[PDB]
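K.L.:
Just protein21.cif, nothing more (mmCIF, C-alpha atoms and all ligand atoms):
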```cif
data_my_file
#
loop_
_atom_site.label_atom_id
_atom_site.label_comp_id
_atom_site.auth_asym_id
_atom_site.auth_seq_id
_atom_site.Cartn_x
_atom_site.Cartn_y
_atom_site.Cartn_z
CA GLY T 1 17.19 -4.58 26.86
CA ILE T 2 15.62 -4.74 23.41
CA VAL T 3 14.81 -8.48 23.79
CA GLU T 4 12.97 -8.01 27.05
CA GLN T 5 11.13 -4.92 25.71
CA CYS T 6 10.18 -6.21 22.24
CA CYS T 7 10.37 -10.03 22.19
CA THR T 8 9.55 -11.22 25.69
CA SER T 9 7.19 -8.30 26.22
CA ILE T 10 5.64 -6.25 23.39
CA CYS T 11 6.82 -2.95 21.90
CA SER T 12 5.78 -0.28 19.42
CA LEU T 13 7.61 0.89 16.28
CA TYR T 14 8.26 4.09 18.24
CA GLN T 15 10.00 2.16 21.02
CA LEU T 16 12.09 0.39 18.42
CA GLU T 17 13.43 3.84 17.48
CA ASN T 18 15.17 3.77 20.85
CA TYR T 19 17.79 1.49 19.27
CA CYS T 20 18.67 3.61 16.23
CA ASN T 21 21.91 5.42 15.98
CA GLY Y 1 -0.20 2.72 -6.46
CA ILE Y 2 1.58 2.05 -3.16
CA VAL Y 3 3.12 -1.18 -4.28
CA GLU Y 4 4.73 0.51 -7.26
CA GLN Y 5 5.62 3.77 -5.52
CA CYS Y 6 7.53 2.03 -2.69
CA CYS Y 7 9.61 0.14 -5.26
CA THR Y 8 10.23 2.65 -8.11
CA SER Y 9 10.67 5.54 -5.69
CA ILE Y 10 10.25 5.74 -1.91
CA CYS Y 11 7.46 5.59 0.55
CA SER Y 12 6.85 6.32 4.19
CA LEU Y 13 5.51 4.12 7.06
CA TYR Y 14 2.70 6.69 7.34
CA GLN Y 15 1.74 6.05 3.70
CA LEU Y 16 1.84 2.30 4.40
CA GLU Y 17 -0.42 2.73 7.42
CA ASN Y 18 -3.20 3.71 5.00
CA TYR Y 19 -3.39 0.07 3.81
CA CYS Y 20 -4.13 -1.38 7.29
CA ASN Y 21 -7.65 -2.72 7.82
CA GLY C 1 31.62 0.83 4.21
CA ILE C 2 30.44 -2.74 4.79
CA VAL C 3 26.84 -2.00 4.01
CA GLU C 4 27.77 -0.59 0.62
CA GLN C 5 30.53 -3.08 -0.18
CA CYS C 6 28.29 -6.14 0.37
CA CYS C 7 25.72 -4.68 -2.03
CA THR C 8 27.78 -3.02 -4.83
CA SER C 9 30.36 -5.79 -4.80
CA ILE C 10 30.79 -8.81 -2.51
CA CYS C 11 31.71 -9.45 1.03
CA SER C 12 32.69 -12.35 3.23
CA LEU C 13 31.19 -13.72 6.50
CA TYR C 14 34.60 -12.98 8.05
CA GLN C 15 34.27 -9.31 7.07
CA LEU C 16 30.75 -9.30 8.54
CA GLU C 17 32.03 -10.79 11.79
CA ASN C 18 33.89 -7.51 12.37
CA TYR C 19 30.54 -5.78 13.03
CA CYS C 20 29.53 -8.09 15.93
CA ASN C 21 29.55 -6.53 19.40
CA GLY S 1 19.32 -34.84 10.65
CA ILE S 2 19.66 -31.10 10.09
CA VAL S 3 16.47 -30.37 12.10
CA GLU S 4 17.65 -32.28 15.14
CA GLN S 5 21.16 -30.76 14.89
CA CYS S 6 20.22 -27.12 14.20
CA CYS S 7 16.59 -26.51 15.23
CA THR S 8 15.84 -28.84 18.11
CA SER S 9 19.43 -28.61 19.33
CA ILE S 10 21.83 -25.79 18.38
CA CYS S 11 24.45 -25.70 15.62
CA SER S 12 27.26 -23.54 14.27
CA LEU S 13 27.63 -22.01 10.80
CA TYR S 14 30.43 -24.56 10.33
CA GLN S 15 28.06 -27.45 11.05
CA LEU S 16 25.60 -26.00 8.58
CA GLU S 17 28.31 -26.48 5.93
CA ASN S 18 27.70 -30.20 6.39
CA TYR S 19 24.60 -29.78 4.21
CA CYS S 20 26.19 -28.02 1.23
CA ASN S 21 26.70 -29.77 -2.02
CA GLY B 1 18.67 -23.92 -14.47
CA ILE B 2 15.78 -23.19 -12.11
CA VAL B 3 17.74 -20.84 -9.93
CA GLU B 4 18.65 -18.69 -12.92
CA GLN B 5 15.31 -18.98 -14.72
CA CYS B 6 13.28 -17.78 -11.70
CA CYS B 7 15.51 -14.71 -11.43
CA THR B 8 16.25 -13.67 -15.06
CA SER B 9 12.74 -14.51 -16.19
CA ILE B 10 9.82 -16.14 -14.36
CA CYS B 11 8.97 -19.49 -12.99
CA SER B 12 5.96 -21.34 -11.67
CA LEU B 13 5.30 -23.11 -8.32
CA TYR B 14 4.79 -26.27 -10.40
CA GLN B 15 8.32 -25.91 -11.83
CA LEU B 16 9.62 -25.38 -8.28
CA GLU B 17 7.85 -28.51 -7.08
CA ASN B 18 10.26 -30.51 -9.27
CA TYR B 19 13.09 -29.68 -6.82
CA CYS B 20 11.36 -31.22 -3.76
CA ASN B 21 12.89 -34.43 -2.42
CA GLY J 1 -10.05 -16.95 9.87
CA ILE J 2 -6.69 -17.30 8.13
CA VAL J 3 -4.81 -17.52 11.48
CA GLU J 4 -6.95 -20.35 12.78
CA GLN J 5 -6.80 -22.17 9.40
CA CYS J 6 -3.08 -21.75 8.62
CA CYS J 7 -1.18 -20.89 11.83
CA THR J 8 -3.03 -22.55 14.69
CA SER J 9 -4.07 -25.43 12.45
CA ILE J 10 -2.33 -26.33 9.17
CA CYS J 11 -3.24 -25.33 5.61
CA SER J 12 -2.28 -25.99 2.01
CA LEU J 13 -1.06 -23.50 -0.61
CA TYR J 14 -4.45 -24.07 -2.26
CA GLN J 15 -6.28 -22.98 0.90
CA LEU J 16 -4.10 -19.91 1.05
CA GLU J 17 -5.58 -18.96 -2.34
CA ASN J 18 -8.82 -18.38 -0.44
CA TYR J 19 -7.37 -15.05 0.70
CA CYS J 20 -6.37 -13.64 -2.69
CA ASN J 21 -8.26 -10.85 -4.28
CA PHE I 1 32.01 -20.30 3.58
CA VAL I 2 31.27 -18.46 0.33
CA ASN I 3 31.35 -14.78 -0.61
CA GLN I 4 28.15 -12.85 -0.34
CA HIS I 5 26.17 -10.30 -2.34
CA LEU I 6 23.81 -8.63 0.19
CA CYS I 7 21.58 -5.64 -0.16
CA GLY I 8 19.04 -4.02 2.11
CA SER I 9 17.52 -6.19 4.68
CA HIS I 10 19.51 -9.20 3.43
CA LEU I 11 22.64 -7.70 4.97
CA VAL I 12 20.91 -7.38 8.39
CA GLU I 13 19.79 -11.00 8.21
CA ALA I 14 23.40 -12.08 7.50
CA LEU I 15 24.69 -10.04 10.45
CA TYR I 16 22.10 -11.59 12.68
CA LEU I 17 23.25 -15.14 11.69
CA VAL I 18 26.94 -14.34 11.89
CA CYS I 19 26.91 -12.52 15.26
CA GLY I 20 24.29 -14.44 17.18
CA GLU I 21 23.96 -13.51 20.85
CA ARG I 22 26.84 -11.08 20.48
CA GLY I 23 24.60 -8.82 18.43
CA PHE I 24 25.95 -6.29 16.01
CA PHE I 25 25.87 -2.77 14.74
CA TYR I 26 24.42 -1.75 11.39
CA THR I 27 26.00 1.45 10.14
CA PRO I 28 25.30 2.46 6.53
CA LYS I 29 26.88 5.45 4.78
CA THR I 30 24.96 8.74 4.87
CA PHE O 1 0.74 2.05 14.69
CA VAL O 2 0.73 -1.29 16.66
CA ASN O 3 2.61 -3.24 19.46
CA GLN O 4 3.57 -6.90 18.77
CA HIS O 5 6.22 -9.57 19.85
CA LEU O 6 9.32 -9.13 17.66
CA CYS O 7 12.02 -11.78 18.20
CA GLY O 8 15.27 -12.84 16.53
CA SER O 9 15.64 -12.09 12.88
CA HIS O 10 12.16 -10.53 12.93
CA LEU O 11 13.38 -7.99 15.54
CA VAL O 12 16.41 -7.00 13.48
CA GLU O 13 14.23 -6.74 10.34
CA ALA O 14 11.97 -4.34 12.32
CA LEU O 15 15.01 -2.29 13.45
CA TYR O 16 16.18 -2.06 9.83
CA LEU O 17 12.71 -0.81 8.78
CA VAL O 18 12.39 1.81 11.48
CA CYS O 19 16.04 3.05 11.61
CA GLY O 20 17.18 2.54 8.00
CA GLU O 21 19.94 5.06 7.06
CA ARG O 22 20.42 6.13 10.68
CA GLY O 23 21.68 2.63 11.44
CA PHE O 24 21.06 0.74 14.64
CA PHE O 25 22.51 -1.54 17.28
CA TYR O 26 21.17 -4.96 18.18
CA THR O 27 22.64 -5.83 21.62
CA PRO O 28 20.65 -8.69 23.10
CA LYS O 29 23.05 -9.12 26.12
CA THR O 30 21.67 -5.78 26.69
CA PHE Q 1 31.14 -17.40 14.97
CA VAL Q 2 28.08 -18.49 17.08
CA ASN Q 3 25.64 -21.46 17.72
CA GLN Q 4 21.87 -20.73 17.75
CA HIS Q 5 18.45 -22.51 17.09
CA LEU Q 6 17.70 -22.30 13.35
CA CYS Q 7 14.26 -23.66 12.35
CA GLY Q 8 12.07 -23.70 9.24
CA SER Q 9 12.55 -20.94 6.77
CA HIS Q 10 15.26 -19.49 9.04
CA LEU Q 11 17.25 -22.75 8.67
CA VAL Q 12 17.04 -22.72 4.88
CA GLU Q 13 18.00 -19.01 4.84
CA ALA Q 14 21.09 -19.96 6.91
CA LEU Q 15 21.94 -22.80 4.48
CA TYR Q 16 21.65 -20.37 1.56
CA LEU Q 17 24.04 -17.95 3.32
CA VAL Q 18 26.66 -20.53 4.19
CA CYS Q 19 26.51 -22.70 1.01
CA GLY Q 20 25.53 -20.13 -1.65
CA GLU Q 21 26.87 -21.17 -5.11
CA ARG Q 22 27.78 -24.66 -3.90
CA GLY Q 23 24.08 -25.33 -3.37
CA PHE Q 24 22.62 -27.39 -0.59
CA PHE Q 25 20.02 -29.96 0.40
CA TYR Q 26 17.33 -29.45 3.01
CA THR Q 27 16.08 -32.94 3.96
CA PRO Q 28 14.15 -32.69 7.22
CA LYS Q 29 12.96 -36.38 7.09
CA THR Q 30 16.59 -36.75 7.42
CA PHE D 1 -1.20 -19.90 -8.44
CA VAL D 2 0.71 -17.11 -10.18
CA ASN D 3 4.09 -16.99 -11.91
CA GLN D 4 7.04 -15.94 -9.85
CA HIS D 5 10.09 -13.69 -10.17
CA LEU D 6 12.55 -14.93 -7.50
CA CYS D 7 16.13 -14.03 -6.88
CA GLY D 8 18.62 -14.95 -4.19
CA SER D 9 17.19 -15.97 -0.93
CA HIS D 10 13.65 -15.40 -2.22
CA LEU D 11 13.95 -18.54 -4.32
CA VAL D 12 14.95 -20.62 -1.24
CA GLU D 13 11.97 -19.27 0.68
CA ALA D 14 9.65 -20.31 -2.19
CA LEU D 15 11.16 -23.80 -2.27
CA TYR D 16 10.69 -24.11 1.43
CA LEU D 17 6.95 -23.24 1.13
CA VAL D 18 6.37 -25.42 -1.91
CA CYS D 19 8.15 -28.56 -0.66
CA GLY D 20 7.35 -28.53 3.03
CA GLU D 21 8.42 -31.63 4.95
CA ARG D 22 9.64 -33.19 1.72
CA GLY D 23 12.51 -30.72 1.67
CA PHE D 24 14.32 -29.79 -1.48
CA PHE D 25 17.61 -29.29 -3.20
CA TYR D 26 19.01 -25.90 -4.17
CA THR D 27 21.40 -26.21 -7.09
CA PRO D 28 22.51 -22.97 -8.78
CA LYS D 29 24.69 -22.81 -11.90
CA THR D 30 28.45 -22.49 -11.38
CA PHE K 1 10.83 6.96 11.08
CA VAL K 2 12.72 6.98 7.77
CA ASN K 3 11.57 6.71 4.16
CA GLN K 4 11.53 3.29 2.61
CA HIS K 5 12.53 1.64 -0.66
CA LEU K 6 10.55 -1.65 -0.78
CA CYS K 7 10.12 -4.14 -3.54
CA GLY K 8 8.43 -7.51 -3.76
CA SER K 9 8.06 -9.36 -0.59
CA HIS K 10 9.84 -6.59 1.33
CA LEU K 11 6.75 -4.41 0.96
CA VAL K 12 4.52 -7.16 2.47
CA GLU K 13 6.89 -7.52 5.41
CA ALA K 14 6.70 -3.74 6.02
CA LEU K 15 2.90 -3.83 5.90
CA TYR K 16 2.86 -6.67 8.34
CA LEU K 17 5.01 -4.67 10.84
CA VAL K 18 3.12 -1.43 10.36
CA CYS K 19 -0.43 -2.84 10.62
CA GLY K 20 -0.02 -5.56 13.21
CA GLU K 21 -3.26 -7.18 14.38
CA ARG K 22 -5.23 -4.80 12.19
CA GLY K 23 -3.95 -6.64 9.13
CA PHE K 24 -3.82 -5.05 5.73
CA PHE K 25 -4.56 -5.34 2.07
CA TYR K 26 -1.93 -5.82 -0.61
CA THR K 27 -3.14 -4.50 -3.95
CA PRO K 28 -0.56 -4.19 -6.74
CA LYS K 29 -1.27 -2.69 -10.17
CA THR K 30 -2.31 -5.08 -12.94
CA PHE U 1 2.07 -29.61 -2.60
CA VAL U 2 2.21 -29.66 1.27
CA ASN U 3 0.32 -28.44 4.46
CA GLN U 4 2.37 -26.70 7.21
CA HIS U 5 1.92 -24.10 10.10
CA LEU U 6 2.30 -20.60 8.63
CA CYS U 7 2.25 -17.78 11.22
CA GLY U 8 2.92 -14.04 11.30
CA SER U 9 5.27 -12.67 8.73
CA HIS U 10 5.70 -16.21 7.36
CA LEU U 11 1.93 -16.33 6.63
CA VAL U 12 1.96 -13.03 4.76
CA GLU U 13 5.07 -14.12 2.82
CA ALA U 14 3.12 -17.27 1.79
CA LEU U 15 0.11 -15.15 0.73
CA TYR U 16 2.41 -12.95 -1.37
CA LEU U 17 3.85 -16.08 -3.06
CA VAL U 18 0.53 -17.68 -3.85
CA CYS U 19 -1.52 -14.54 -4.74
CA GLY U 20 1.17 -12.24 -6.21
CA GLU U 21 -0.36 -9.81 -8.78
CA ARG U 22 -3.92 -10.69 -7.74
CA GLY U 23 -3.20 -9.15 -4.35
CA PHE U 24 -4.53 -10.41 -1.06
CA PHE U 25 -5.97 -9.49 2.31
CA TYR U 26 -4.47 -10.43 5.66
CA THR U 27 -7.26 -9.99 8.25
CA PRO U 28 -6.26 -11.81 11.42
CA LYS U 29 -9.27 -10.46 13.45
CA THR U 30 -10.92 -12.51 10.90
CL CL M 101 15.74 -8.21 -3.04
CL CL M 102 9.06 -18.24 13.90
ZN ZN M 103 15.05 -9.33 -1.09
ZN ZN M 104 10.33 -16.50 11.71
#
```
Spit out the file's structure as C-alpha cells when you get a sec.
P.N.:
Amino acid sequence: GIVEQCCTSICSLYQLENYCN
Amino acid sequence: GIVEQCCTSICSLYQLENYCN
Amino acid sequence: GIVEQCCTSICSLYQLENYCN
Amino acid sequence: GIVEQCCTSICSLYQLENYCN
Amino acid sequence: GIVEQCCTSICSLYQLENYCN
Amino acid sequence: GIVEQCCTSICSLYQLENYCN
Amino acid sequence: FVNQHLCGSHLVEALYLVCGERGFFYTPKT
Amino acid sequence: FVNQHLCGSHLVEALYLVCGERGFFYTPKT
Amino acid sequence: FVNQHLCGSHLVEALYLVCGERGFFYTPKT
Amino acid sequence: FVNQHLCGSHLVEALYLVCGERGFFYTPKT
Amino acid sequence: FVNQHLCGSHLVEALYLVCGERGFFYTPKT
Amino acid sequence: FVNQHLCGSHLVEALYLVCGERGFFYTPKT
C-alpha cells in the first residue's frame, strides 16, 4: 500500500496522486 | 513574489518548482 | 462537512474519529 | 517520563492528557 | 500572555526562551 | 553542508543562521 | 479532550493522530 | 519533481498537498 | 482512539491537540 | 534572529525548537 | 496536482516536498 | 538556546523560524 510505496520505499508526487479521491 | 502570491492568492506546484536549486 | 466545520467553527476529536477507516 | 511513555514506548491520546495543566 | 502576544502581534525567540523549563 | 552540520551531527539556532540570506 | 479549531493541513494532522493505524479519509466540500 | 521517503504525518501532509480539494484516503493497513 | 510512537515535535503537536486551552508541560528530562 | 508571528500549533513548534531538551510549558489565556 | 493556498511555514513545507534533494531558496519580499 | 538533530522538513521549519524575512537557502547537496 501507500506505506510500502512511499515510506518504506520511495515515491514521487505523481505516485501520491494514486491516493486522491 | 512567490511567497506573497501563494498566501494572498494561490499558486501551483509547478510555480513552486521554479524555486528549487 | 467536517473539513469546513473544524475551520469555520470548532470540532471535537470524537467528531474526527468518525472519519477513521 | 513522557518520552519513555510516548516516544520510546507507545501511548494513547488519553495518556497524553496526563501532561496537560 | 505569550501565546496571545505571538499571535495577535509579534514575539521574539528571546521572549520564547523564558518559557523553557 | 547543512545536513551534515544539523541533521547527521547537531547544531544550534545560531549555526542555523549561517544559511540565511 | 478539548474542542478544536483546525484549518488546512492542521485538520489532516489531527486526523492522523486520532485515527492512527486505522487511517482515515479526508473529504472536503467542492 | 523528486522521489523521497514520506512517512507518518509527513506522508499525510504530502497527500494533502497533492490532492487538496479532491480529498484523499490514507489506508496504511493497505 | 489509537496508540502510536510520538516523538519530538510530533509529541508536542499531539500535546497541543489533546490539551489545547488547558495548556501543557513538555519535560523530557522527566 | 528575527521577530515571529506564531499562532496555534506554530507557537508550540517554536517553543520546541527554542527550548530543546530543557522542554517548556505552554500556558494560553483562558 | 491542485492549486495551493500557502502561508508562513506551510509554503516552506511545500517547497521541501516539491524540490526534494535539489533543495530550494526561500525569498520573501522585504 | 539548545543544539539538537534537525532533519528534513524539521530542518527547513527551523530555517524558516530563525531566518524568516531574510529568507534562506536549503541546499542539501551542499
Ligand atoms: Cl495556519
Ligand atoms: Cl522524524
Ligand atoms: Zn498553520
Ligand atoms: Zn517528523
K.L.:
Within 9 Å of ligand CL 102 (chain M), counting only C-alpha atoms and all ligand atoms, which protein or nucleic acid residues do you find, written as an MDAnalysis selection string?
P.N.:
(chainID O and resid 7:8 10) or (chainID Q and resid 7:10) or (chainID U and resid 6:10)
K.L.:
Write the residues of the preceding selection, restricted to C-alpha atoms, as a JSON list (two decimals), in the coordinates of the input.
P.N.:
```
[["chain", "number", "residue", "atom", "x", "y", "z"],
["O", 7, "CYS", "CA", 12.02, -11.78, 18.20],
["O", 8, "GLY", "CA", 15.27, -12.84, 16.53],
["O", 10, "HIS", "CA", 12.16, -10.53, 12.93],
["Q", 7, "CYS", "CA", 14.26, -23.66, 12.35],
["Q", 8, "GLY", "CA", 12.07, -23.70, 9.24],
["Q", 9, "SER", "CA", 12.55, -20.94, 6.77],
["Q", 10, "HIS", "CA", 15.26, -19.49, 9.04],
["U", 6, "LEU", "CA", 2.30, -20.60, 8.63],
["U", 7, "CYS", "CA", 2.25, -17.78, 11.22],
["U", 8, "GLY", "CA", 2.92, -14.04, 11.30],
["U", 9, "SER", "CA", 5.27, -12.67, 8.73],
["U", 10, "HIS", "CA", 5.70, -16.21, 7.36]]
```
K.L.:
Give the residues of chain I that lie within 10 Å of chain Q; count all atoms listed in the file, and format the answer as a list in words.
P.N.:
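In the required form, that comes to residues 1, 2, 3, 4, 5, 6, 10, 13, 14, 17, 18, 19, 20, 21 and 22 of chain I.
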K.L.:
Go ahead and write the residues just picked, C-alpha atoms, as an mmCIF file, in the coordinates of the input.
P.N.:
```cif
data_model
loop_
_atom_site.group_PDB
_atom_site.id
_atom_site.type_symbol
_atom_site.label_atom_id
_atom_site.label_comp_id
_atom_site.auth_asym_id
_atom_site.auth_seq_id
_atom_site.Cartn_x
_atom_site.Cartn_y
_atom_site.Cartn_z
ATOM 1 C CA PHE I 1 32.010 -20.300 3.580
ATOM 2 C CA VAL I 2 31.270 -18.460 0.330
ATOM 3 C CA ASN I 3 31.350 -14.780 -0.610
ATOM 4 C CA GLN I 4 28.150 -12.850 -0.340
ATOM 5 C CA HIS I 5 26.170 -10.300 -2.340
ATOM 6 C CA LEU I 6 23.810 -8.630 0.190
ATOM 7 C CA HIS I 10 19.510 -9.200 3.430
ATOM 8 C CA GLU I 13 19.790 -11.000 8.210
ATOM 9 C CA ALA I 14 23.400 -12.080 7.500
ATOM 10 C CA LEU I 17 23.250 -15.140 11.690
ATOM 11 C CA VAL I 18 26.940 -14.340 11.890
ATOM 12 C CA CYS I 19 26.910 -12.520 15.260
ATOM 13 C CA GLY I 20 24.290 -14.440 17.180
ATOM 14 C CA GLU I 21 23.960 -13.510 20.850
ATOM 15 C CA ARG I 22 26.840 -11.080 20.480
#
```
K.L.:
Would you compute the distance between atom CA of residue 5 of chain T and atom CA of residue 21 of chain T? Give it in Å to one decimal.
P.N.:
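Atom-to-atom, atom CA of residue 5 of chain T and atom CA of residue 21 of chain T are spaced 17.8 Å apart.
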K.L.:
Atom CA of residue 1 of chain J and atom CA of residue 19 of chain J are how many Å apart?
P.N.:
9.7 Å
K.L.:
Enter the distance from atom CA of residue 3 of chain C to atom CA of residue 8 of chain T, in Å, rounded to one decimal.
P.N.:
29.2 Å
K.L.:
Is it possible to get the superposed chain Y, fitted on chain J over all Cα pairs by sequence order, as a PDB file with C-alpha atoms, in the coordinates of the input?
P.N.:
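superposed_22.pdb written:
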```
ATOM      1  CA  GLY Y   1     -10.494 -18.203  10.070  1.00  0.00           C
ATOM      2  CA  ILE Y   2      -7.495 -18.758   7.789  1.00  0.00           C
ATOM      3  CA  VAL Y   3      -5.117 -16.775   9.904  1.00  0.00           C
ATOM      4  CA  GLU Y   4      -5.900 -18.895  12.941  1.00  0.00           C
ATOM      5  CA  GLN Y   5      -6.182 -22.222  11.125  1.00  0.00           C
ATOM      6  CA  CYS Y   6      -2.725 -21.913   9.499  1.00  0.00           C
ATOM      7  CA  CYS Y   7      -1.177 -21.271  12.919  1.00  0.00           C
ATOM      8  CA  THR Y   8      -3.085 -23.569  15.345  1.00  0.00           C
ATOM      9  CA  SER Y   9      -3.259 -26.382  12.804  1.00  0.00           C
ATOM     10  CA  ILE Y  10      -2.203 -26.536   9.148  1.00  0.00           C
ATOM     11  CA  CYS Y  11      -3.310 -25.068   5.910  1.00  0.00           C
ATOM     12  CA  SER Y  12      -2.722 -25.563   2.227  1.00  0.00           C
ATOM     13  CA  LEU Y  13      -1.517 -23.148  -0.527  1.00  0.00           C
ATOM     14  CA  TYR Y  14      -4.867 -23.855  -2.218  1.00  0.00           C
ATOM     15  CA  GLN Y  15      -6.707 -22.606   0.886  1.00  0.00           C
ATOM     16  CA  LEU Y  16      -4.461 -19.521   0.897  1.00  0.00           C
ATOM     17  CA  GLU Y  17      -5.234 -18.855  -2.759  1.00  0.00           C
ATOM     18  CA  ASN Y  18      -8.814 -18.083  -1.697  1.00  0.00           C
ATOM     19  CA  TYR Y  19      -7.587 -14.834  -0.072  1.00  0.00           C
ATOM     20  CA  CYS Y  20      -6.060 -13.405  -3.295  1.00  0.00           C
ATOM     21  CA  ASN Y  21      -7.882 -10.438  -4.825  1.00  0.00           C
TER      22      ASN Y  21
END
```
K.L.:
Compare T:20, T:13, T:2, T:7 by their minimum atom-to-atom distance to chain Y, counting only C-alpha atoms, and give me the closest one.
P.N.:
T:13
K.L.:
For segment 5-19 of chain Q, supply N, CA, C and O atoms and report the output as a PDB file, in the coordinates of the input.
P.N.:
```pdb
ATOM      1  N   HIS Q   5      19.543 -21.678  17.701  1.00  0.00           N
ATOM      2  CA  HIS Q   5      18.450 -22.510  17.090  1.00  0.00           C
ATOM      3  C   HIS Q   5      18.022 -21.904  15.760  1.00  0.00           C
ATOM      4  O   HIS Q   5      17.605 -20.724  15.684  1.00  0.00           O
ATOM      5  N   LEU Q   6      18.068 -22.718  14.720  1.00  0.00           N
ATOM      6  CA  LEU Q   6      17.700 -22.300  13.350  1.00  0.00           C
ATOM      7  C   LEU Q   6      16.642 -23.315  12.891  1.00  0.00           C
ATOM      8  O   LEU Q   6      16.931 -24.490  12.783  1.00  0.00           O
ATOM      9  N   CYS Q   7      15.432 -22.824  12.651  1.00  0.00           N
ATOM     10  CA  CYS Q   7      14.260 -23.660  12.350  1.00  0.00           C
ATOM     11  C   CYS Q   7      13.507 -23.181  11.122  1.00  0.00           C
ATOM     12  O   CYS Q   7      13.428 -21.985  10.870  1.00  0.00           O
ATOM     13  N   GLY Q   8      12.956 -24.125  10.361  1.00  0.00           N
ATOM     14  CA  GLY Q   8      12.070 -23.700   9.240  1.00  0.00           C
ATOM     15  C   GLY Q   8      12.709 -22.797   8.224  1.00  0.00           C
ATOM     16  O   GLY Q   8      13.852 -23.039   7.766  1.00  0.00           O
ATOM     17  N   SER Q   9      11.998 -21.750   7.807  1.00  0.00           N
ATOM     18  CA  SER Q   9      12.550 -20.940   6.770  1.00  0.00           C
ATOM     19  C   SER Q   9      13.867 -20.296   7.202  1.00  0.00           C
ATOM     20  O   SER Q   9      14.690 -20.019   6.375  1.00  0.00           O
ATOM     21  N   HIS Q  10      14.039 -20.051   8.502  1.00  0.00           N
ATOM     22  CA  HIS Q  10      15.260 -19.490   9.040  1.00  0.00           C
ATOM     23  C   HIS Q  10      16.474 -20.416   8.795  1.00  0.00           C
ATOM     24  O   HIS Q  10      17.599 -19.963   8.500  1.00  0.00           O
ATOM     25  N   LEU Q  11      16.229 -21.721   8.941  1.00  0.00           N
ATOM     26  CA  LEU Q  11      17.250 -22.750   8.670  1.00  0.00           C
ATOM     27  C   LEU Q  11      17.656 -22.703   7.191  1.00  0.00           C
ATOM     28  O   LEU Q  11      18.879 -22.663   6.861  1.00  0.00           O
ATOM     29  N   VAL Q  12      16.682 -22.665   6.286  1.00  0.00           N
ATOM     30  CA  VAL Q  12      17.040 -22.720   4.880  1.00  0.00           C
ATOM     31  C   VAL Q  12      17.685 -21.389   4.485  1.00  0.00           C
ATOM     32  O   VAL Q  12      18.585 -21.388   3.640  1.00  0.00           O
ATOM     33  N   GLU Q  13      17.295 -20.275   5.119  1.00  0.00           N
ATOM     34  CA  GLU Q  13      18.000 -19.010   4.840  1.00  0.00           C
ATOM     35  C   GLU Q  13      19.440 -19.112   5.285  1.00  0.00           C
ATOM     36  O   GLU Q  13      20.309 -18.632   4.592  1.00  0.00           O
ATOM     37  N   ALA Q  14      19.693 -19.762   6.428  1.00  0.00           N
ATOM     38  CA  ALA Q  14      21.090 -19.960   6.910  1.00  0.00           C
ATOM     39  C   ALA Q  14      21.899 -20.856   5.960  1.00  0.00           C
ATOM     40  O   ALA Q  14      23.055 -20.573   5.653  1.00  0.00           O
ATOM     41  N   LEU Q  15      21.292 -21.930   5.502  1.00  0.00           N
ATOM     42  CA  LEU Q  15      21.940 -22.800   4.480  1.00  0.00           C
ATOM     43  C   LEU Q  15      22.309 -22.032   3.198  1.00  0.00           C
ATOM     44  O   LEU Q  15      23.460 -22.151   2.659  1.00  0.00           O
ATOM     45  N   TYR Q  16      21.363 -21.241   2.684  1.00  0.00           N
ATOM     46  CA  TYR Q  16      21.650 -20.370   1.560  1.00  0.00           C
ATOM     47  C   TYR Q  16      22.875 -19.486   1.818  1.00  0.00           C
ATOM     48  O   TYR Q  16      23.767 -19.372   0.975  1.00  0.00           O
ATOM     49  N   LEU Q  17      22.908 -18.833   2.984  1.00  0.00           N
ATOM     50  CA  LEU Q  17      24.040 -17.950   3.320  1.00  0.00           C
ATOM     51  C   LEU Q  17      25.382 -18.690   3.302  1.00  0.00           C
ATOM     52  O   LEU Q  17      26.376 -18.232   2.749  1.00  0.00           O
ATOM     53  N   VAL Q  18      25.410 -19.830   3.941  1.00  0.00           N
ATOM     54  CA  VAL Q  18      26.660 -20.530   4.190  1.00  0.00           C
ATOM     55  C   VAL Q  18      27.124 -21.271   2.925  1.00  0.00           C
ATOM     56  O   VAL Q  18      28.305 -21.284   2.584  1.00  0.00           O
ATOM     57  N   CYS Q  19      26.187 -21.873   2.213  1.00  0.00           N
ATOM     58  CA  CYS Q  19      26.510 -22.700   1.010  1.00  0.00           C
ATOM     59  C   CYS Q  19      26.571 -21.942  -0.310  1.00  0.00           C
ATOM     60  O   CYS Q  19      27.415 -22.255  -1.178  1.00  0.00           O
TER      61      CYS Q  19
END
```
